[PDB]
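Chains as they are written, first to last, in the authors' numbering: chain D, 1 to 175; chain B, 1 to 175; chain F, 1 to 175; chain C, 1 to 328; chain A, 1 to 328; chain E, 1 to 328.
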Amino acid sequence: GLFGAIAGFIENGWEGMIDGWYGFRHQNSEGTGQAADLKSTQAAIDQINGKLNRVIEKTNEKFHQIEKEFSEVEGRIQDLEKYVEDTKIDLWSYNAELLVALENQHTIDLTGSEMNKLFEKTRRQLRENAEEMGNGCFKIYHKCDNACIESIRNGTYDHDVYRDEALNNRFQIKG
Amino acid sequence: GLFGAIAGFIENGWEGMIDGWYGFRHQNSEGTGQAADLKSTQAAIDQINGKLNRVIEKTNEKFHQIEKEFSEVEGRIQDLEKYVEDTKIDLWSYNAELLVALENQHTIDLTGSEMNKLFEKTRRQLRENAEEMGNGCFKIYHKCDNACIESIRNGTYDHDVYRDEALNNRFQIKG
Amino acid sequence: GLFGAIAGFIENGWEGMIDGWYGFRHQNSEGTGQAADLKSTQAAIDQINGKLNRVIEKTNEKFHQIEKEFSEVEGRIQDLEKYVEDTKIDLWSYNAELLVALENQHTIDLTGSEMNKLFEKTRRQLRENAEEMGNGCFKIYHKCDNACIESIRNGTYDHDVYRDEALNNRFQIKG
Amino acid sequence: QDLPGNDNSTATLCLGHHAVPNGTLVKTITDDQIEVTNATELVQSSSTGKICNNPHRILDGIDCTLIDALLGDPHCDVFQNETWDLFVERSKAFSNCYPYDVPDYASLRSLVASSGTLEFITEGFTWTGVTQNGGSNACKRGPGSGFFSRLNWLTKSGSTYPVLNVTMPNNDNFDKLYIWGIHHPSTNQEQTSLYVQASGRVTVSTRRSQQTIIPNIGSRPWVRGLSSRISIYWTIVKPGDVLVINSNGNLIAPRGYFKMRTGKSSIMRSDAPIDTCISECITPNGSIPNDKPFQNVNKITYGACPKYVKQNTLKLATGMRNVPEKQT
Amino acid sequence: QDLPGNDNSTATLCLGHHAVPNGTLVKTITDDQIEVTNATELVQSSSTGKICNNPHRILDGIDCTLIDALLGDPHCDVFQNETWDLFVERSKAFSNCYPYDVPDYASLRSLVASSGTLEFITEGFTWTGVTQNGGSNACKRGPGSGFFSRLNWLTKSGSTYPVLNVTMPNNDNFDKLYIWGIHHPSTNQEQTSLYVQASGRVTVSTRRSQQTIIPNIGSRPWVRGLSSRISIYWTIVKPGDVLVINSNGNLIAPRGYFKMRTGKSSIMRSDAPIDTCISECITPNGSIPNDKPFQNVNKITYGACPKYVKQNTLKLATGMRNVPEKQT
Amino acid sequence: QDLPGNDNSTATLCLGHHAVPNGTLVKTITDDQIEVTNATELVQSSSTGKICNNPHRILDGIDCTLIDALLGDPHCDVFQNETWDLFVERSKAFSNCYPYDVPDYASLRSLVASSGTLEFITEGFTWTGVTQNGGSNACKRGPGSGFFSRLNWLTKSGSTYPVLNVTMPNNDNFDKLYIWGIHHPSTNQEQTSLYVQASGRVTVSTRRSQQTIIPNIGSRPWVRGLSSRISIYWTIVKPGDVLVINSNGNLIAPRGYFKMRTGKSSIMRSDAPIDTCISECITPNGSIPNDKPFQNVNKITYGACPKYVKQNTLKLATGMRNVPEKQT
Ligand SMILES: *[C@@H]1O[C@H](CO)[C@@H](O[C@@H]2O[C@H](CO)[C@@H](O[C@@H]3O[C@H](CO)[C@@H](O)[C@H](O)[C@@H]3O)[C@H](O)[C@H]2NC(C)=O)[C@H](O)[C@H]1NC(C)=O
Ligand SMILES: *[C@@H]1O[C@H](CO)[C@@H](O[C@@H]2O[C@H](CO)[C@@H](O[C@@H]3O[C@H](CO)[C@@H](O)[C@H](O)[C@@H]3O)[C@H](O)[C@H]2NC(C)=O)[C@H](O)[C@H]1NC(C)=O
Ligand SMILES: *[C@@H]1O[C@H](CO)[C@@H](O[C@@H]2O[C@H](CO)[C@@H](O[C@@H]3O[C@H](CO)[C@@H](O)[C@H](O)[C@@H]3O)[C@H](O)[C@H]2NC(C)=O)[C@H](O)[C@H]1NC(C)=O
Ligand SMILES: CC(=O)N[C@H]1[C@H]([C@H](O)[C@H](O)CO)O[C@@](O)(C(=O)O)C[C@@H]1O
Ligand SMILES: CC(=O)N[C@H]1[C@H]([C@H](O)[C@H](O)CO)O[C@@](O)(C(=O)O)C[C@@H]1O
Ligand SMILES: CC(=O)N[C@H]1[C@H]([C@H](O)[C@H](O)CO)O[C@@](O)(C(=O)O)C[C@@H]1O
Ligand SMILES: *[C@@H]1O[C@H](CO)[C@@H](O)[C@H](O)[C@H]1NC(C)=O
Ligand SMILES: *[C@@H]1O[C@H](CO)[C@@H](O)[C@H](O)[C@H]1NC(C)=O
Ligand SMILES: *[C@@H]1O[C@H](CO)[C@@H](O)[C@H](O)[C@H]1NC(C)=O
Ligand SMILES: *[C@@H]1O[C@H](CO)[C@@H](O)[C@H](O)[C@H]1NC(C)=O
Ligand SMILES: *[C@@H]1O[C@H](CO)[C@@H](O)[C@H](O)[C@H]1NC(C)=O
Ligand SMILES: *[C@@H]1O[C@H](CO)[C@@H](O)[C@H](O)[C@H]1NC(C)=O
Ligand SMILES: *[C@@H]1O[C@H](CO)[C@@H](O)[C@H](O)[C@H]1NC(C)=O
Ligand SMILES: *[C@@H]1O[C@H](CO)[C@@H](O)[C@H](O)[C@H]1NC(C)=O
Ligand SMILES: *[C@@H]1O[C@H](CO)[C@@H](O)[C@H](O)[C@H]1NC(C)=O
Ligand SMILES: *[C@@H]1O[C@H](CO)[C@@H](O)[C@H](O)[C@H]1NC(C)=O
Ligand SMILES: *[C@@H]1O[C@H](CO)[C@@H](O)[C@H](O)[C@H]1NC(C)=O
Ligand SMILES: *[C@@H]1O[C@H](CO)[C@@H](O)[C@H](O)[C@H]1NC(C)=O
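Here's what the structure looks like:
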């Protein structure tokens, strides 16, 4: 994946997260908990539906075409009829194969992007109060109970509220 | 957008920035002001021109082709003439439609990339003297007058010059 | 490049690195030296081989087709024979040209991705003990001899081991 | 802001993404088997096996070929004045009437099949000096001898097959398709017996065209007791034009014209049963659902269908990479 | 590095990107209406309505068809020895000369139209024992009766028509195209009156080929007072080959050959006015600018043109996403 | 963790990527010359100049055309009962036997060439009342006069040519291809001399078809002393059907049938030397390696070949951007 989050710094997926595509787990003063993020899960889904609808649209109607099966040997004109259709079929097959390859490639980067975007977003919110331990988890350097975890997850986390606490026991160079 | 800057952490665009595609605004020690960045604006423009020139190049000349409009009912050979052209037209239409879709998709990511690259670049330059407020603005933690802002913008900002000042009132855990 | 590392913050390449595609160079208290990274070099290579194998696969056999060179002037049916093949050739030429363009574009972003991923990875490992000097080099703020450099390169670097040392002379606001 | 807390502790937040135990493999630009959380199949690969009789007008030919329905082989009189969007020709179709051949059968079947109608208008042709309504014991109208319903076999009066020279204007608003023919006798005695002259001749002309066919006397293989053939020809007469049929022998005269239409009609050979259901895409294997963009059922199709492709499966990933932790 | 400062304040820098009040919608892989700062139209969708007479040689057929220009209908004698890159055939073209038909008109019009020249070389054919220069009151050369300028109608001299057997080598450097024909009389009395024998015959041969046409006596519809037709045929004689024309009646003889060329010439039916201006792409709707890669004006084209597409608009985004703060 | 140290110093780590001194240019979506570390060529653009005789069965026609090999021109008797995957027709092929022409030569060469076999079965045709085995001094079998090996020229016996009426069932398992013809005399005296009647007639029929050809008496150009031609025709007789050949003159009778096959055979005109080597892709320029996906050697091909493209070079970047230490 271009961004290196999925199958990257986020080692593996959670088979347990049955309620969204991306999400949070935490272990804070009052115990462990998991919760899916619905905003990035929709972002991933809507893009995938968009491309899916564009490729599932527009069947062209065709009525009287050329005959494509013969039962008598005719020579030159029949030779041409078979060539026109065979070259048509090979060109459309090339198109279907390059299309799903191109697409699939892009879907893996798109869903990977959303992962990394959620990460970067959570990173920015936590400002000086957390350090990335580089495995997709942040160490939050201050007492952060379940409501604090709820506010990081719903984007209302005020970092200033805990800046001094965090900052102090983050840089307490004394060991 | 794969990178999440435009329509992302940079909430919206500036209708006021009439002099470039990407740029800077600053609230500072002698007035608030804006200025476009010409290096990322050219980078965005030249790539868009490049693809634009490639798609606008190479008209194939065709002279005597097959007849494409008939006025008498002939049967088998005329049936084939109409099929060859109809399948040609549908294949080229598929190509024009997938081409602009593929392209447009890529142009939105390319211009988005340039946004995020300008950001990351400004980030690196400011080293320990600024914090990202996560909305596309950096808080510069030291007295930075208009010439200081001009040197961040023209890439000559020496971070050491303000490291002590910044660092001190950045981590003054005293509140 | 979408990520801005190659031909970006990493100013240029090393003609000297004859043993891998991506790698490390260090100056420490003991000496200097360089070493290629084999994991990102394989990642880059295998993806390039993958796409290369897919495009190098599947020759379609064709046997008796239509005649494509005439030596007598016939009119209508020969006109059609030449049109079917000329439109076939133009459609396949369009396909080969868009294919290598699309591909080449993607190979430059893919190798560029791997560069930036190695960087970000090395960044995360060094945690609070190093600062990015924004030219693709990290300043490691603690005494890091050759074995220390070997452990950053082989991913076993324990950042805690040097956190206090680093952190102290990183933020010694005293100048 | 707040007051000093006695406790000093941290917390841990981890981001991640779901993974499924099962997971589908998909092709990419750089790999051809990568496992994703979910995929959708883009190639329609199976027919219901039945031609849905809705919404297109499907006329089942039963044991008639469209050309026999046109000429009017007795066993096909059912189809007179019929109409279709798709005429289905069955493998079991047969003919039992006078042995005929249609030089460029291929175009006659095509242009009738796109016209989509078999609507016949009888015209007042007046054959002066010849015997009309000749038939054959190889083409029985019930108990008796007979012929194609739309053709008129002319033989001499007394000892005279005059030079027929008739005309029929197209004062109408539309193109008229006339089907006519010439009889090829098997023996010279047969030629003279029927048409008196030693060599017949048929010239059918309009202002825009002419065609003169001369018969060919000789033995062909026995088909329904006959060694003779009739060859079928067609003339379209544009509005304002005139048909002139001139012959001194062997004419199989038209009894009027078929109306030509311009529509979306076609013909398809298939033995698939017609059934009541609604499907817009028809292939000779039966109808198929046009939900998917591509199909692999058959390259022959009528209606709004998926594009035929060689691939029998093409999966579009509709989910992220599947990176499980247990496995399953 | 510098000394302890007596002041203390921060600053704020914000990065961003422009946005426009207006902004165009564009299609993407994942959305089909996303608004960008700017787009450019890739489909050319309108003609000037005029065929620019530069840079291609455009020959306006006025009221002549190319085949009549070739045969030399009196009213088209204007075109003798003309030359073109594009011959424009007008809907109002007519003919008024002897009623003719060209079996495979389609190929004759094609191969003349690609040759691009109508350059005629008269050859010294010597018809011994027949009357030359016959004409018709349906094909008037001014006051008098006449015929096609390039054809020579041969009839009885005195009271016979001999077996014509002439030859004309191609000792030249190039292929020669000969146009000839056969006359079909309407009555038997007409046949014998003109050509004496009851059945004419024309065989035109080279070392590489032969074609024998026999006429067909019968009434066709009245066209310009005539019930007769002549059917047109063409023979190309390669360099070094020989033309042998042999006939005992009904021959419409060639008066020489047309030179064949190999170029980029074509013919196009259009009623668009030719005008003085320069445009390389021509469609029957008039010329169109080939700046854009695709076009939707017409599928018929001559010259360097955009590729015809069904879409009448395809916008290429030439700018980033438009995310406005206000609106306008 | 550990104890306070006496020394204090930093270190520097720099990440980077290799670059090559040389480096290839490549096209992209946004640039058309961007320099990468390495590329691979996707267009095969050169032939070995030799047709590898393996793995396909390549039959070199030497100086015979496939149709002459079929008819059995004396100088081609070498090819009797031969078999091929690719028949190679040489520019230097000639014929020297009775002047013939094949109306729709194009289809006969095609359907013989795909059948891939020239296996001939002689059948016991019994021509009662005519002279068999006629030959010509223009078609020499060694010292003497002769004819095509597979054809049988029938002429009168003494004073009479009877109406030939023969039959030959297809009781076999396969389709049978019969080649026959008709002789066109150059003078009326020649017609009557050989075939007694003034007008010959050949009708070849099956239950499914008929064709009647009538000869054409007249002078053609001198080819090998002869002004006459024979025109060649073919009839395929399906299993269970019957061939009936009926003629009263000018018949060139079949001596049996060719077996038809359905395979991957073709014919190709080429003067490239056949050589011993193995290559699956053949073009008329010689064989080419199908390692690359596309080729620009020739649009004519046989076997597993790269797809012809107009481009003579298309480089696929197989490495990153080349950004060297020093540009000059
Ligand atoms: C020319 O040759 C053909 C073939 O040699 C002759 O055709 C054959 O004619 C006989 C007599 O009519 C046919 O026999 C009939 O068979 C049916 C079916 O079994 C039977 O019901 C009749 O009573 C009669 O016996 C035979 O089928 C037919 N064969 C073929 C292959 O068509 C033809 O008669 C010859 N013509 C002349 C004028 O000599
Ligand atoms: C065979 O039948 C056709 C059609 O029945 C006959 O053609 C017709 O011949 C008459 C007499 O020449 C033509 O009459 C002339 O028509 C013009 C135009 O209207 C008029 O101005 C004259 O004063 C005169 O009436 C008539 O047009 C023509 N009709 C058609 C449809 O061609 C033909 O004469 C018959 N041939 C024989 C040998 O019986
Ligand atoms: C009809 O006209 C053609 C052409 O005018 C006549 O053909 C020519 O016939 C003569 C006499 O047979 C041929 O001459 C022979 O030429 C060869 C080669 O020089 C030589 O071997 C013989 O001794 C004799 O000279 C001549 O080649 C031939 N020319 C062509 C172009 O075919 C034909 O004879 C005329 N037919 C009648 C019945 O009048
Ligand atoms: C118009 C006419 O006279 N038709 C007669 C035909 C023809 O003589 C042959 O079909 C010629 O092949 O022969 C019959 O025996 C037949 O069975 O059809 C009787 C029929 O009345
Ligand atoms: C060569 C010849 O004799 N031409 C004569 C023709 C023919 O008899 C008819 O065109 C045959 O259809 O008839 C005319 O009345 C005519 O008006 O053309 C006079 C003309 O001189
Ligand atoms: C069957 C027959 O009689 N063949 C004779 C032919 C024919 O008369 C001509 O080929 C007709 O064009 O003429 C010859 O002079 C010849 O050289 O071939 C001798 C040959 O025996
Ligand atoms: C976020 O969570 C906190 C803690 O539960 C709550 O007080 C706050 O209102 C929430 N905000 C939103 C927008 O849900
Ligand atoms: C950058 O801006 C500062 C302040 O105006 C100026 O002194 C410096 O020279 C500028 N450098 C460049 C390269 O413009
Ligand atoms: C990494 O390098 C250090 C220093 O040489 C060494 O002790 C350690 O075992 C290495 N680990 C691996 C996995 O190579
Ligand atoms: C066919 O339809 C036409 C319509 O005008 C009618 O006159 C004719 O008699 C119909 N014939 C039959 C057999 O239905
Ligand atoms: C459809 O029918 C064709 C023959 O008509 C057969 O070869 C093909 O396999 C069938 N495909 C399916 C999916 O039924
Ligand atoms: C897989 O994707 C398709 C299309 O988006 C959807 O209908 C299907 O339900 C998805 N599978 C799951 C388990 O959601
Ligand atoms: C046509 O051009 C040729 C060129 O050699 C000339 O001889 C001939 O007389 C010209 N005829 C006319 C009518 O211009
Ligand atoms: C061009 O002309 C065709 C008919 O010749 C017409 O149907 C079409 O709409 C025209 N298009 C334009 C853009 O004029
Ligand atoms: C939109 O893009 C096209 C092509 O790049 C350019 O000519 C046009 O001026 C652009 N619009 C604006 C407002 O720059
Ligand atoms: C050709 O092959 C067939 C095979 O049955 C054989 O009977 C025939 O005699 C062969 N003829 C020659 C000339 O090889
Ligand atoms: C192949 O042969 C053709 C003619 O047969 C020639 O024009 C073409 O240039 C040749 N190409 C190569 C690569 O030999
Ligand atoms: C360039 O790429 C091709 C295909 O990947 C490879 O065979 C070739 O060796 C590469 N060049 C170098 C110098 O590795």
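Where a beta carbon is used, it is the ideal one built from N, C-alpha and C, also for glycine.
Taken in chain order, the members of the segment 72-103 of chain D whose beta-carbon sits within less than 7 Å of a beta-carbon on chain E are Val73, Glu74, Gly75, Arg76, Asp79. Measuring C-alpha to C-alpha distances from C/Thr128 to each of C/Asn171, C/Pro162, C/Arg261, C/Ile214 identifies C/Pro162 as the nearest. Judged by DSSP secondary structure, A/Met168 falls within the beta strand (DSSP E) whose first and last residues are 164-169. Under the Cβ criterion (8 Å, minimum of three pairs), the segment 30-47 of chain E does not count as touching the segment 3-22 of chain C. Residues are counted here when their Cβ sits less than 9 Å from a Cβ of chain B; for the segment 39-50 of chain D the count is zero. By the criterion of at least three beta-carbon pairs nearer than 8 Å, the segment 86-99 of chain D is not in contact with the segment 110-125 of chain E. With its beta carbon at least 8 Å from every one in chain B, E/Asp60 lies outside the interface. Boundaries of the beta strand (DSSP E) around A/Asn54: 51-54. What F/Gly175 touches in chain A, judged by beta-carbon distance under 9 Å, is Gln1, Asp2, going in chain order. Taking 9 Å as the Cβ-Cβ cut-off, the segment 3-33 of chain A approaches chain D at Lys27, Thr28, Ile29, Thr30, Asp31, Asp32, given in chain order. These are the residues, in chain order, with a beta carbon less than 5 Å from any non-hydrogen atom of ligand 7: D/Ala147, D/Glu150, D/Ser151, D/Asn154, D/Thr156. The segment 279-297 of chain A and the segment 235-243 of chain A do not touch, with fewer than three beta-carbon pairs separated by less than 8 Å. Approximately 4 Å separates the beta-carbon atoms of F/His64 and E/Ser266; this is inside 8 Å, confirming the contact. Taking the beta carbon of E/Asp104 as reference, the chain D residues within 9 Å of it are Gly75, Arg76, listed in sequence order.
If you draw a straight line from the Cα of C/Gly16 to the Cα of D/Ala36, it comes to about 9 Å.
In the structure shown, C/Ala113 adopts helical secondary structure according to DSSP, grouped into three states. Taken in chain order, the unbroken stretches of alpha helix (DSSP H) that lie wholly in the segment 91-164 of chain C and span 4 residues or more are 105-115.
Close to chain C, meaning a Cβ-Cβ distance shorter than 8 Å, are the following residues of the segment 54-67 of chain F: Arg54. Here A/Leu59 is bridged, per DSSP, to A/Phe87. Excluding sequence positions up to five before and after E/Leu164, its CB lies within less than 6 Å of the CB of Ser247, all in the same chain and listed in chain order. Distance from the CA atom of B/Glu30 to the CA atom of A/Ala11, rounded to whole angstroms, is 10 Å.
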